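Trainee:
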Amino acid sequence: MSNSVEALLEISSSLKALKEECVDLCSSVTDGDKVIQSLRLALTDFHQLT
Amino acid sequence: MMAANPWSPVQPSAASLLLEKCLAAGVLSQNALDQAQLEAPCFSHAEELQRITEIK
């Protein structure tokens, strides 16, 4: 029992520390798929212009 | 005749049925039974294992 409780306290602390480091990653799910499409077009144009 | 609800998960024990009979006959008073109440914990080792499983 005493070993299990100590393991919970350690993992909980590690999670709290990682969530704080990842504050910028947690914002609004803009449709990742749309950004990639747009990027695809821009790169393709860039290549053609070069 | 407190018709044992057949669907109660806990079936009445012979001890319980005997105690009930003794109380109905006025030979035993509920006060006498209450004063005799043993809070002795039953199955302590099984309870500890349940708590460990939850934490895990």
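Just so you know, the sequences run in chain order G and E. Residues 200 to 249 (the deposited numbering) make up the first sequence, in order. Residues 1 to 56 (the deposited numbering) make up the second sequence, in order. For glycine and all other residues, C-beta sits at the position ideal for the given N, C-alpha and C.
Throw me the rounded Cβ distance for the residue 30 (chain E) and residue 23 (chain E) pair, which I believe falls under 8 Å.
Mentor: Reading the second sequence from its first residue, position 30 is the one you call residue 30 (chain E). Reading the second sequence from its first residue, position 23 is the one you call residue 23 (chain E). With a Cβ gap of about 6 Å, residue 30 (chain E) and residue 23 (chain E) count as contacting.
Trainee: Enumerate in chain order the residues of its own chain whose CB-to-CB distance from residue 239 (chain G) is below 6 Å, with the five nearest sequence positions on each side excluded.
Mentor: Counted from its first residue, the first sequence places residue 239 (chain G) at position 40. Within the same chain, residue 239 (chain G) has no close Cβ partners at all.
Trainee: For a test of the three-state rule: what should DSSP assign to residue 26 (chain E), helix, strand or coil?
Mentor: Here residue 26 (chain E) is taken as the residue at index 26 of the second sequence, counted from 1. Note: residue 26 (chain E) maps to coil in three-state DSSP.
Trainee: Starting from residue 48 (chain E), find everything on chain G with Cβ-Cβ shorter than 8 Å and list it in chain order.
Mentor: Position 48 of the second sequence, counted from the first residue, corresponds to residue 48 (chain E). Per Cβ cutoff of 8 Å: 200.
Trainee: Along the segment 4-29 of chain E, what residues have a CB closer than 7 Å to any CB found in chain G?
Mentor: Within the segment 4-29 of chain E, no residue qualifies.
Trainee: Taking only the alpha-carbon atoms, compute the straight-line gap between residue 229 (chain G) and residue 235 (chain G) and give it to the nearest angstrom.
Mentor: Here the question's residue 229 (chain G) lines up with position 30 in the first sequence. Here the question's residue 235 (chain G) lines up with position 36 in the first sequence. The alpha-carbon atoms of residue 229 (chain G) and residue 235 (chain G) are separated by roughly 11 Å.
Trainee: What separation, rounded to the nearest whole angstrom, lies between the Cα atoms of residue 50 (chain E) and residue 14 (chain E)?
Mentor: Translated into the one-based positions of the second sequence, residue 50 (chain E) becomes position 50. Translated into the one-based positions of the second sequence, residue 14 (chain E) becomes position 14. So the alpha carbons of these two residues sit roughly 29 Å apart.
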